[PDB]
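One structure is given below, encoded as structure tokens.
Each answer follows from the model by the rule given with it, or from the source it names; no laboratory read-out is quoted. We place every Cβ from the backbone using ideal geometry, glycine too, and count neighbours over all the protein chains shown.
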Amino acid sequence: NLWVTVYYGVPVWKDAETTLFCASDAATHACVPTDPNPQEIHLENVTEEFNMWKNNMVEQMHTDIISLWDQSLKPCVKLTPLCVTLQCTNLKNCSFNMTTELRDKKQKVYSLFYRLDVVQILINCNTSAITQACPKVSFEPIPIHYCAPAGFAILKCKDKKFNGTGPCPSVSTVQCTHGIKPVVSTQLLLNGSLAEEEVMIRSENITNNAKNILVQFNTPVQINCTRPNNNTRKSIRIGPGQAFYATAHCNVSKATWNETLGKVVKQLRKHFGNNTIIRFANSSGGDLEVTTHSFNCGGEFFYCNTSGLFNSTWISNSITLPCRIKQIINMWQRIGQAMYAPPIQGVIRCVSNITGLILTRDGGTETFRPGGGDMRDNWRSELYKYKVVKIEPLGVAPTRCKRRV
Amino acid sequence: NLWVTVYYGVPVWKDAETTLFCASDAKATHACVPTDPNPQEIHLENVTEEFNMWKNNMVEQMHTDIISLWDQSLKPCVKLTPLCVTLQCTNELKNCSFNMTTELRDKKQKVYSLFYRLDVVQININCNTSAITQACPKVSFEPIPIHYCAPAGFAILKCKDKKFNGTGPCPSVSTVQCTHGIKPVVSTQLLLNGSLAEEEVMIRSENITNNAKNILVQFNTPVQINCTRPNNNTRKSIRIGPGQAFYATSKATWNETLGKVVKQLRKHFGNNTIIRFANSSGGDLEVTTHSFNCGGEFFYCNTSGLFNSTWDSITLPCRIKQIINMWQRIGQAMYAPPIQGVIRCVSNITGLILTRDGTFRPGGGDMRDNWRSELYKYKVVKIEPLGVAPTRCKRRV
Amino acid sequence: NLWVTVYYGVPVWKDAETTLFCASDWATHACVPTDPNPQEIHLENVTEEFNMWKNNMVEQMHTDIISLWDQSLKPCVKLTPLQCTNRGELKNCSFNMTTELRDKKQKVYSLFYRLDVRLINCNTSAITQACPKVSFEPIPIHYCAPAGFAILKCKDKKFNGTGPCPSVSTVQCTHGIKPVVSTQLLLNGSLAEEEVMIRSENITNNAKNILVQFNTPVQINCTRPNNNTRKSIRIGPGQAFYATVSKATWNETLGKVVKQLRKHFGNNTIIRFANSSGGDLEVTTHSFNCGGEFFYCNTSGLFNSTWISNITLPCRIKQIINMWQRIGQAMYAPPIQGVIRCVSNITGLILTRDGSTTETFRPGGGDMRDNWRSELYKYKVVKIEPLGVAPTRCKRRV
Amino acid sequence: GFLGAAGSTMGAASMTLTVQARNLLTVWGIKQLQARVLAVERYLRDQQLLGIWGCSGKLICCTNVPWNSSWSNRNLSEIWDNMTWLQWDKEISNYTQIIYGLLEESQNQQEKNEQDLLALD
Amino acid sequence: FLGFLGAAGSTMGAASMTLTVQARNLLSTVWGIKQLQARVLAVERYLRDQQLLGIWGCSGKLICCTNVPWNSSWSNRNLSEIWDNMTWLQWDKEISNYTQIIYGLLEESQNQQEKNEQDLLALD
Amino acid sequence: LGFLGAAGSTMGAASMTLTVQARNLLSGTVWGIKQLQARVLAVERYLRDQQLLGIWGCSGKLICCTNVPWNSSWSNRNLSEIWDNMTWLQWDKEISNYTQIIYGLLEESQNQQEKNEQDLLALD
Ligand SMILES: *[C@@H]1O[C@H](CO)[C@@H](O[C@@H]2O[C@H](CO)[C@@H](O[C@@H]3O[C@H](CO[C@H]4O[C@H](CO)[C@@H](O)[C@H](O)[C@@H]4O)[C@@H](O)[C@H](O[C@H]4O[C@H](CO)[C@@H](O)[C@H](O)[C@@H]4O[C@H]4O[C@H](CO)[C@@H](O)[C@H](O)[C@@H]4O)[C@@H]3O)[C@H](O)[C@H]2NC(C)=O)[C@H](O)[C@H]1NC(C)=O
Ligand SMILES: *[C@@H]1O[C@H](CO)[C@@H](O[C@@H]2O[C@H](CO)[C@@H](O[C@@H]3O[C@H](CO[C@H]4O[C@H](CO)[C@@H](O)[C@H](O)[C@@H]4O)[C@@H](O)[C@H](O[C@H]4O[C@H](CO)[C@@H](O)[C@H](O)[C@@H]4O)[C@@H]3O)[C@H](O)[C@H]2NC(C)=O)[C@H](O)[C@H]1NC(C)=O
Ligand SMILES: *[C@@H]1O[C@H](CO)[C@@H](O[C@@H]2O[C@H](CO)[C@@H](O[C@@H]3O[C@H](CO)[C@@H](O)[C@H](O)[C@@H]3O)[C@H](O)[C@H]2NC(C)=O)[C@H](O)[C@H]1NC(C)=O
Ligand SMILES: *[C@@H]1O[C@H](CO)[C@@H](O[C@@H]2O[C@H](CO)[C@@H](O[C@@H]3O[C@H](CO)[C@@H](O)[C@H](O)[C@@H]3O)[C@H](O)[C@H]2NC(C)=O)[C@H](O)[C@H]1NC(C)=O
Ligand SMILES: *[C@@H]1O[C@H](CO)[C@@H](O[C@@H]2O[C@H](CO)[C@@H](O)[C@H](O)[C@H]2NC(C)=O)[C@H](O)[C@H]1NC(C)=O
Ligand SMILES: *[C@@H]1O[C@H](CO)[C@@H](O[C@@H]2O[C@H](CO)[C@@H](O)[C@H](O)[C@H]2NC(C)=O)[C@H](O)[C@H]1NC(C)=O
Ligand SMILES: *[C@@H]1O[C@H](CO)[C@@H](O[C@@H]2O[C@H](CO)[C@@H](O)[C@H](O)[C@H]2NC(C)=O)[C@H](O)[C@H]1NC(C)=O
Ligand SMILES: *[C@@H]1O[C@H](CO)[C@@H](O)[C@H](O)[C@H]1NC(C)=O
Ligand SMILES: *[C@@H]1O[C@H](CO)[C@@H](O)[C@H](O)[C@H]1NC(C)=O
Ligand SMILES: *[C@@H]1O[C@H](CO)[C@@H](O)[C@H](O)[C@H]1NC(C)=O
Ligand SMILES: *[C@@H]1O[C@H](CO)[C@@H](O)[C@H](O)[C@H]1NC(C)=O
Ligand SMILES: *[C@@H]1O[C@H](CO)[C@@H](O)[C@H](O)[C@H]1NC(C)=O
């Protein structure tokens, strides 16, 4: 004599994608403050299988950053009157006529741009329109916690070493993902998550060369960058109200890099064989956002060769790579939009931890070149432990109880 | 002795107006929910609901929606402000030359293009009235069926009647969550791809008695109409940079249809006297012409070849007006970038918009009537599920 | 033998701040209309303490006005494409203006005031003309609290905005509060019952402004008595620029104010009234809109006195304004055809103080939030906490 | 289906109550959000009445408020076997908020406090 | 009909007579976006209170009897000291320390333990 | 043991901790609009689940007895097998074919016939 019974709050979930909100410790004004201590619940005897390659969280964060950043250019001054023929000489001292506060008058002004910002007849006009950044806002990175709303949850693979795919024996769940750095770094990961046990190697397809190969450090690598020239910026008046602000090697230790690389080559291990030579080589070419370790440091854009790091051959048994500022950029390959970075008073020095690599390889000993391209891979170096699930709390089951009549 | 008893979910509704949502067939169509692979329609036995297609809020929400969704189709597209300049032109088409802004502020550019006679005027047309924005060439202008539905707590009643003029009692009524997917087609004078009337044709007006009130006709037999832009055009994208770039250069069925139209139309006018068909009496270019967009290109014809009568195909004179200010919206003007290759258009006519004298003229003016040729069936009601009624039931304390 | 029991709806509320929505009987349109007869519930034996100085409503009202006003210049015509002679308050300035077409130009005869002029806007900010269709006519606005909240009203005839309120009531919505942009003089505000009262964040500190509330209203007329004309010069495409108190009643009021000042400065000390010492033009002058044209009138004729223990004012116009110290944004007021006349009630003052027996009082200015405080002193937002647990010696049936 | 017995008798209509209760629950898209936001405050507003009335979980619920004859003094057969709900709601329409007000207090207030007294024993 | 929050200054015993007045009035393009999240907050503010009312064996409005014995440490006051000489605002202040203890005891207190035994009892 | 704590435990043991996933089932300018739709979605997914509990004879949280007989064709199994040797995730997959059969059976076979029964029954 069995009967059904409704149970509410039963522990049942399914893989699913939805809208996630943000939390910001204690564009980051609308993010609710993080709980001073979050809660993490281990799921004993639970095995959940992950597929970091098919993550929706990554493609929501990426579309977020893109649409968040466009908001950072709305109340800022548009540069449209800065597409004029440039009379230039050698950094370059370019002179040009300019629109003034009133409609009638004109003004001759000289500024200082980089060889990459200009082309012989600026590079952007050929491609897209331009808007300068608001000097009031800043691009410093704050830890961002992605959280799942009610009725959903986020599972975390606890295990110290995880490929990003397959079964996770130690699983837990939290409301909010850890403080993830939204830093756009190229080639080398900056200020990221440092692996608990041994460096992990992850690629959408190991056997396929075309799929970029991500590396996660366990020992951080210090790196010093600097714009060692005391600049001064003069605010020429392209009124009314609006005003345009007219107007470098980077270093990492070698004693740690040799030590770091040797762990990397051993980390490859079986994937390419114990008995094989491992080659490091500079970038094969492509976009300037791939060829160099592009990253923003102190509000300026530093575009450095990694050619000094990447040439080595490894048999089975304080170096410095410089930089030139990139000036205007159309990050995320977005055309029709363009930001010019207004220069800053004073010398810039910033030092970040290196926490991993993005690498590409050629098909046939195998050779490795610096990776680049899409920024989605950068997020997947933090969201490998995460996936989103709905909660299905209704449960019906046979019992032996009956209600009244 | 009797006691009140609360019933929840009783079938009781009242007429109501509210916000309605959008549907997009089988999938401004970006967030519209896909339609149920099979919608559900429930007949209301022994129910008589009264309709007033002319005092319906649904049309005035649909019309206020199209005008505002359309403006969004012009916000990420290239503004044309630098194209109000003196034109040096020569000979319907015109080869106009003019100086043009380049990517740089100082440099200039001479360019020639090909405009129509309606989009230009002698200098002693848009600048006179409004500023202008070109359309995005990436969006498509193919009309797609749209379903208007009511949210939870509301419902839409449909008159399940083959012959209905939009007013009075409806004996066979059904309810649906969703109006049948509908075509928001932009047509002048003549309706295209609308709802075809079942059985005999009928005619509809807010006021028959007022000749100022337009007179909506709904065909039963559809009338095929073929039109074409037969010259292989080419367009050169001149660089008004930075980034932004301007793209520079059967009557056998009509007589059988009218013959059915006269009879139904004659019944209201009377059997004894005869009606006359004549060409438009005048107004803007939107009433005078059978103006609609075709193949991505806007298209206009004088229908005087159809409307001459007292009761192998007859072509209509057909011109193109590249710039439009539809819905009498001033301040907002759109330039239609022409398309490569020759365009062939085929659709059927499904009804007429007619005006009356103080003889019948092709109608125009307000576009609400176009929606009413579809939304006559429908009206929105609010659900009131709470009911109290007496019964012999007692609650124990 | 006593047991917990759960009560729902217990009258328990706590101070709280939240978003409030609007109620309105063109900015006011889209604001949920008011109930034909509101309900006011008295709270017997209740004493609630108010702090008008730490009210979040004012600063939510203030941030609402600033951000709703800029939306009133968004669909309006931008005035970015913008030789004078005459003293003369206005100057007939000529200038070349672009037509519909980029190449052709147009000479113009216009009339701007001395204060608007190159125009002063370019040095500071860009400029946008107001839409001539929308109106700036003050209409009463009710601020309401959403469900789960309530607004407490101090039903006291004489209240300085702080301390305990022995007669408290609650409403869902404040009264019809006038958002009248006036300076120095409060216009069409709430009238205090019986004796007039005085309010300042800190009485000891002179720097804190001193808000005065009248009980007897002061009639005041200002008029722009010249019949002006509007020629809509074509600055296309599509866009178009539109080119060109009783002394018998005032001393009765002041004579009540010295009695209103009472023991705050001492009975013996003399009370002197002097004009403002200076600052921004929005402080120095009784600035307000009237009939769409912005009035700036010198009040030195009202504030010249020395009161022992025992009336027309000048006026000038500015065509453009940057209200609320907002830079980057500037509005040109398109003038109105015809003569302008207004009749409003002076309902209160804003006053400052100086650093023996000499007390100097100036007309008020600075933050416009103070004038909202002349309406929101009776109010504060509370959060409703309806869940309660208590013992009642009943046990659940089993 | 939904609203099936709208033309049927009240007696036959109360059989199919669960069909009207189960179906009772960037710009441009902002119009669809207010629709589904109104939907829940439209639903909870009805469920609040069912809550202060002692029903809440019940589609049909019984009470001990005597049906005052002043309200639609008609034979029981007429109401259930010879009327539709659309006709009934029109006749009661005067007394409905009286009923609504009598439902909340006349019993449940004195009926809950009664059990509170009865549960102390 | 003393109105919303009407019995606020009255004793607890008398204020529980007017409970149904504060409970019915508990749920009662930019710019308009500021009235929307007030509506939205209003229902999550209301469902939060009723989820508890649901996790607790109540749901049924206004009043609810429990099987949690009131340990003296929570108050130690004769019910006459509470119902007849104290307001809800005062009472909420005294127990503020022990409230979340009671909230947790309620759900575990009977329903976790009470609904389960009914499952056993309703078998036979 | 916290939220989703008994996901890997047997059905019999997982039902003791129902109130932890149930209490955390509602969990107490652009860009910020992304967080608004989430909490709007939060209530309509919670109300969609509780509308069923409403048209079912539950309402009372977490556990509820019914009068719908467990049909053999749907997951005919030893009670000990179901609750002492099976997890809810496993069970939700096995009954998956018959779930919405049960959902529909619940609303009609149990409450629709039960309250009209009481309506007829409470006549005298
Ligand atoms: C509204 O606006 C009014 C002004 O119109 C303002 O009133 C002022 O408040 C401040 C404090 O809030 C007062 O300043 C304090 O005054 C006392 C006493 O001052 C008298 O006595 C001394 C000694 O005889 C004289 O020098 C002086 O001229 C006065 O006659 C001072 O003692 C205070 O200073 C002490 O505390 C400081 C803490 O930071 C120390 O840094 C300082 O060294 C002093 O420490 C010594 O004294 C302490 C006891 O006071 C003792 O504990 C220490 O160990 C040490 O020995 C302080 O300056 C000011 O006088 C008020 N003025 C008037 C005109 O009222 C209100 O505050 C304002 N309202 C609001 C709400 O802000
Ligand atoms: C749909 O469209 C039709 C028109 O096509 C409108 O119909 C007209 O409606 C108006 C009123 O709404 C009618 O006007 C009224 O007619 C009355 C009767 O007129 C007849 O009889 C008199 C006397 O023998 C003759 O003079 C006349 O020629 C007709 O033969 C008049 O008595 C009315 O005037 C009285 O009332 C007014 C009140 O203001 C007083 O000032 C007058 O002094 C007088 O006391 C009035 O003139 C008109 O006749 C209708 N015409 C037709 C053709 O039907 C509908 O109104 C419209 N629908 C809607 C909804 O608007
Ligand atoms: C990776 O993390 C490092 C931290 O080790 C980041 O360096 C830090 O960058 C911030 C701003 O980007 C610096 O803060 C600024 O400091 C200056 C001078 O003190 C001050 O004027 C500013 O107002 C601001 O406070 C911080 O000093 C700096 N710290 C170090 C140790 O360098 C680095 O920016 C991160 N990298 C990337 C790519 O985000
Ligand atoms: C009236 O309705 C008819 C549909 O019966 C419309 O004709 C349809 O027009 C669309 C585009 O206007 C055609 O789609 C196009 O097809 C071509 C060829 O495959 C393709 O290259 C395009 O990308 C596009 O998909 C569609 O085939 C055509 N259907 C038929 C049956 O002819 C007509 O446009 C409507 N008239 C008006 C005025 O809206
Ligand atoms: C402001 O103007 C009004 C008129 O609009 C004046 O009010 C008049 O006052 C006189 C006597 O002072 C009366 O005889 C009139 O009947 C009033 N007319 C109206 C329309 O109110 C008012 O006096 C003026 N204010 C001052 C200070 O002079
Ligand atoms: C204060 O209120 C008075 C009314 O007492 C307003 O005077 C009206 O002003 C409008 C235009 O601003 C006129 O159309 C009315 O005819 C006036 N009525 C009277 C009786 O004078 C006055 O405008 C308000 N003041 C402010 C600053 O808003
Ligand atoms: C639940 O399943 C167990 C098996 O796991 C059943 O136990 C069997 O019972 C029969 C007699 O009833 C014995 O002959 C077998 O030897 C038992 N086997 C084991 C492994 O115990 C048990 O009967 C089932 N429970 C019920 C109530 O039927
Ligand atoms: C480089 O940065 C490190 C910190 O990472 C700092 O200790 C060191 O002093 C810097 N290099 C030099 C040459 O100072
Ligand atoms: C109209 O077009 C159809 C094809 O769509 C064609 O078969 C038919 O012959 C044409 N008729 C006329 C009259 O043009
Ligand atoms: C109207 O045209 C369509 C093609 O767009 C055709 O399929 C349909 O049959 C026509 N109408 C009728 C009633 O045949
Ligand atoms: C409640 O009383 C018990 C004894 O029955 C005691 O253990 C507990 O400490 C008391 N509550 C508090 C909050 O101390
Ligand atoms: C048992 O369930 C099946 C569906 O799986 C149904 O067809 C059958 O009718 C049920 N048994 C009985 C006796 O009705």
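Please verify whether the stretch C:229-239 includes one or more residues that are more than 16 Å from ligand 6 (Cβ to nearest atom), within 19 Å of the chain's Cα centre (by Cα) and of a type outside the set (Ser, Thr, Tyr).
No: the stretch C:229-239 contains no residue that is more than 16 Å from ligand 6 (Cβ to nearest atom), within 19 Å of the chain's Cα centre (by Cα) and of a type outside the set (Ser, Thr, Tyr).
Residues that are within 30 Å of residue A:245 (Cβ to Cβ) and among the basic types (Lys, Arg): does the stretch A:13-28 have at least one?
Taking the stretch A:13-28 and keeping what is within 30 Å of residue A:245 (Cβ to Cβ), we get A:24, A:27-28.
Narrowing further to those that are among the basic types (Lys, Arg): none.
No, the stretch A:13-28 has no match at all.
What number of residues within the stretch B:11-27 satisfy the criterion of being over 13 Å from residue B:62 (Cα atoms) and at the interface with chain D (Cβ under 10 Å from one of its Cβ atoms)?
Result for the stretch B:11-27: 4.
Any residue in the stretch F:50-60 that is within 27 Å of residue A:147 (Cα to Cα) and surrounded by fewer than 18 Cβ atoms within 10 Å (Cβ to Cβ)? Spell out the reasoning first.
Quick first cut of the stretch F:50-60, residues within 27 Å of residue A:147 (Cα to Cα) only: F:50-51.
Filter once more, keeping what is surrounded by fewer than 18 Cβ atoms within 10 Å (Cβ to Cβ): F:51.
Looking for residues that are within 27 Å of residue A:147 (Cα to Cα) and surrounded by fewer than 18 Cβ atoms within 10 Å (Cβ to Cβ), one finds at least one in the stretch F:50-60, hence yes.
Give the number of residues within the stretch D:2-12 that are of a type in the set (S, T, N, Q) and either in a helix (DSSP H, G or I) or within 7 Å of chain B (Cβ to nearest Cβ) (or both).
Step one: list which residues in the stretch D:2-12 are of a type in the set (S, T, N, Q), which gives D:8-9.
Going one step further and asking which of them are either in a helix (DSSP H, G or I) or within 7 Å of chain B (Cβ to nearest Cβ) (or both), we end up with D:8.
Qualifying residue count for the region: 1.
Conditions (1) within 16 Å of ligand 6 (Cβ to nearest atom); (2) in a loop (DSSP other than H, G, I, E, B); (3) in the same structural domain as residue A:355 (by CATH); (4) more than 24 Å from residue A:360 (Cβ to Cβ), marked per residue:
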residue	(1), (2), (3), (4)
A:242	no, yes, no, yes
A:262	no, no, yes, no
A:268	no, no, yes, no
A:274	no, yes, yes, no
A:290	no, no, yes, no
A:294	no, no, yes, no
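Quick grid of which residues meet (1) surrounded by 15 or more Cβ atoms within 10 Å (Cβ to Cβ); (2) touching a strand residue (DSSP E or B) at 6+ places or on another chain (Cβ under 8 Å); (3) under 23 Å from residue A:150 (Cβ atoms):
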| residue | (1), (2), (3) |
| --- | --- |
| A:24 | yes, yes, yes |
| A:31 | yes, yes, yes |
| A:46 | yes, yes, yes |
| A:98 | yes, yes, no |
| A:105 | no, no, no |
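What pairs come out if I take residues in the stretch B:211-232 that are within 19 Å of residue B:344 (Cα to Cα) and pair them with residues that are away from ligand 2 (no atom under 16 Å from the Cβ) and basic (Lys, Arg) whose C-beta lies under 6 Å away, six or more apart or interchain?
Matching pairs, first to second residue: B:228/B:344.
So residue D:64 ticks every box in (1) within 7 Å of chain B (Cβ to nearest Cβ); (2) closer than 19 Å to residue F:57 by Cα but one. Which box is left unticked?
The number of the failed condition is (2).
All but one of (1) surrounded by 18 or more Cβ atoms within 10 Å (Cβ to Cβ); (2) more than 7 Å from chain C (Cβ to nearest Cβ) hold for residue E:15; state the number of the condition that does not hold.
(2)
Between residues in the stretch F:47-60 that are over 16 Å from residue F:25 (Cβ atoms) and residues that are among the aliphatic types (A, V, I, L, M), which pairs lie under 9 Å by C-beta distance while being six or more apart or on different chains?
Final answer for the pair search is F:55/D:21; F:55/D:59; F:55/F:106; F:56/A:6; F:56/F:106; F:57/A:6; F:57/F:106.
State all residues of the stretch C:110-149 that are of a type in the set (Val, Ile, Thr), more than 14 Å from residue C:27 (Cβ to Cβ) and either part of a loop (DSSP other than H, G, I, E, B) or within 14 Å of chain E (Cβ to nearest Cβ) (or both); if no residue qualifies, say none.
So in the stretch C:110-149, the residues of a type in the set (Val, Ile, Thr) come out as C:117, C:120, C:124, C:127-128, C:134, C:139, C:141.
Then drop every residue that is not more than 14 Å from residue C:27 (Cβ to Cβ), which leaves C:117, C:120, C:124, C:127-128.
Answer for the stretch C:110-149, where residues must be of a type in the set (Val, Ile, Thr), more than 14 Å from residue C:27 (Cβ to Cβ) and either part of a loop (DSSP other than H, G, I, E, B) or within 14 Å of chain E (Cβ to nearest Cβ) (or both): C:117, C:127.
A quick yes/no check of all residues on (1) surrounded by fewer than 19 Cβ atoms within 10 Å (Cβ to Cβ); (2) in contact with a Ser or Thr (Cβ under 7 Å, 6 or more places away or on another chain); (3) closer than 19 Å to residue A:162 by Cα:
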| position | (1), (2), (3) |
| --- | --- |
| A:179 | yes, no, no |
| A:200 | no, no, yes |
| A:210 | yes, no, no |
| A:216 | no, yes, yes |
| A:232 | yes, no, no |
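Identify the residue in the stretch D:105-121 that is polar (S, T, N, Q) and more than 14 Å from chain C (Cβ to nearest Cβ) and, among all such residues, is surrounded by the most Cβ atoms within 10 Å (Cβ to Cβ). Steps first, answer last, please.
Taking the stretch D:105-121 and keeping what is polar (S, T, N, Q), we get D:106-110, D:113, D:115.
Now restrict to residues that are more than 14 Å from chain C (Cβ to nearest Cβ): D:106-107, D:110.
Values: D:106: 15, D:107: 19, D:110: 10.
Looking at the filtered set, the residue picked out is D:107.
Considering each residue of the stretch F:88-104, count those that are at the interface with another protein chain (Cβ under 8 Å from one of its Cβ atoms) and closer than 14 Å to residue A:4 by Cα, and give that number. Quick ask: steps written out before the conclusion?
Filtering the stretch F:88-104 down to residues at the interface with another protein chain (Cβ under 8 Å from one of its Cβ atoms) leaves F:88-89, F:91-92, F:95, F:99, F:102-103.
Cutting the leftovers down to closer than 14 Å to residue A:4 by Cα gives us F:91-92, F:95, F:99, F:102-103.
Residues that pass the stated criteria total 6.
Can you name the residue in the stretch E:22-38 that is facing chain C (nearest Cβ under 7 Å) and within 23 Å of the chain's Cα centre (by Cα) and, of all such residues, is farthest from residue D:32 (Cα to Cα)?
E:22
Test each condition in (1) in contact with a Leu (Cβ under 6 Å, 6 or more places away or on another chain); (2) not in a strand (DSSP E or B); (3) not β-branched (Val, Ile, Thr) for residue C:195 and report the one that comes out false.
(1)
Against the conditions (1) among the aromatic types (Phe, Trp, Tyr); (2) within 11 Å of chain D (Cβ to nearest Cβ); (3) more than 30 Å from residue E:29 (Cα to Cα); (4) in contact with a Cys (Cβ under 7 Å, 6 or more places away or on another chain), where does residue B:51 fall short? Just the number, please.
The single condition residue B:51 does not satisfy is (2).
If I filter the stretch B:246-256 for residues that are of a type in the set (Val, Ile, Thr), within 14 Å of chain A (Cβ to nearest Cβ), part of a loop (DSSP other than H, G, I, E, B) and closer than 30 Å to residue B:107 by Cα, do I get at least one hit?
no
Condition first: away from ligand 7 (no atom under 16 Å from the Cβ) and within 14 Å of another protein chain (Cβ to nearest Cβ). Can you find one or more residues in the stretch B:214-230 that meet it?
No, the stretch B:214-230 contains no residue that is away from ligand 7 (no atom under 16 Å from the Cβ) and within 14 Å of another protein chain (Cβ to nearest Cβ).
Give the residues of the stretch E:79-92 that are surrounded by 12 or more Cβ atoms within 10 Å (Cβ to Cβ) and either among the polar types (S, T, N, Q) or within 15 Å of the chain's Cα centre (by Cα) (or both), sorted by residue number.
Once the filter is applied, which keeps residues that are surrounded by 12 or more Cβ atoms within 10 Å (Cβ to Cβ) and either among the polar types (S, T, N, Q) or within 15 Å of the chain's Cα centre (by Cα) (or both), the stretch E:79-92 yields E:85, E:87, E:88, E:89, E:90, E:91, E:92.
In the stretch C:65-109, what residues are outside any loop (DSSP other than H, G, I, E, B) and of a type in the set (A, V, I, L, M)?
Going through the stretch C:65-109, the residues outside any loop (DSSP other than H, G, I, E, B) turn out to be C:65-73, C:78, C:90-98, C:105-109.
Residues satisfying the conditions are C:65, C:66, C:68, C:73, C:90, C:97, C:108.
Just wondering, is there one or more residues in the stretch D:54-69 that are in a helix (DSSP H, G or I) and either closer than 18 Å to residue B:392 by Cα or under 13 Å from the mean Cα position of the chain (by Cα) (or both)?
No, the stretch D:54-69 contains no residue that is in a helix (DSSP H, G or I) and either closer than 18 Å to residue B:392 by Cα or under 13 Å from the mean Cα position of the chain (by Cα) (or both).
Conditions (1) within 16 Å of ligand 11 (Cβ to nearest atom); (2) hydrophobic (A, V, I, L, M, F, W, C); (3) in a loop (DSSP other than H, G, I, E, B), marked per residue:
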residue: B:338; (1), (2), (3): no, no, yes
residue: B:348; (1), (2), (3): no, no, no
residue: B:351; (1), (2), (3): no, no, no
residue: B:372; (1), (2), (3): no, no, no
residue: B:381; (1), (2), (3): no, yes, no
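In the stretch A:360-405, what residues are facing chain F (nearest Cβ under 7 Å) and in contact with a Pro (Cβ under 8 Å, 6 or more places away or on another chain)?
Result: no residue meets the conditions.
Kindly indicate whether any position in the stretch C:277-285 is of a type outside the set (A, V, I, L, M, F, W, C), surrounded by fewer than 19 Cβ atoms within 10 Å (Cβ to Cβ) and more than 21 Å from the chain's Cα centre (by Cα).
The initial filter retains those residues of the stretch C:277-285 that are of a type outside the set (A, V, I, L, M, F, W, C), namely C:277-280, C:282, C:284-285.
Cutting the leftovers down to surrounded by fewer than 19 Cβ atoms within 10 Å (Cβ to Cβ) gives us C:277-280.
So of that shortlist, the ones also more than 21 Å from the chain's Cα centre (by Cα) come out as C:277.
Checked the stretch C:277-285: at least one residue is of a type outside the set (A, V, I, L, M, F, W, C), surrounded by fewer than 19 Cβ atoms within 10 Å (Cβ to Cβ) and more than 21 Å from the chain's Cα centre (by Cα).
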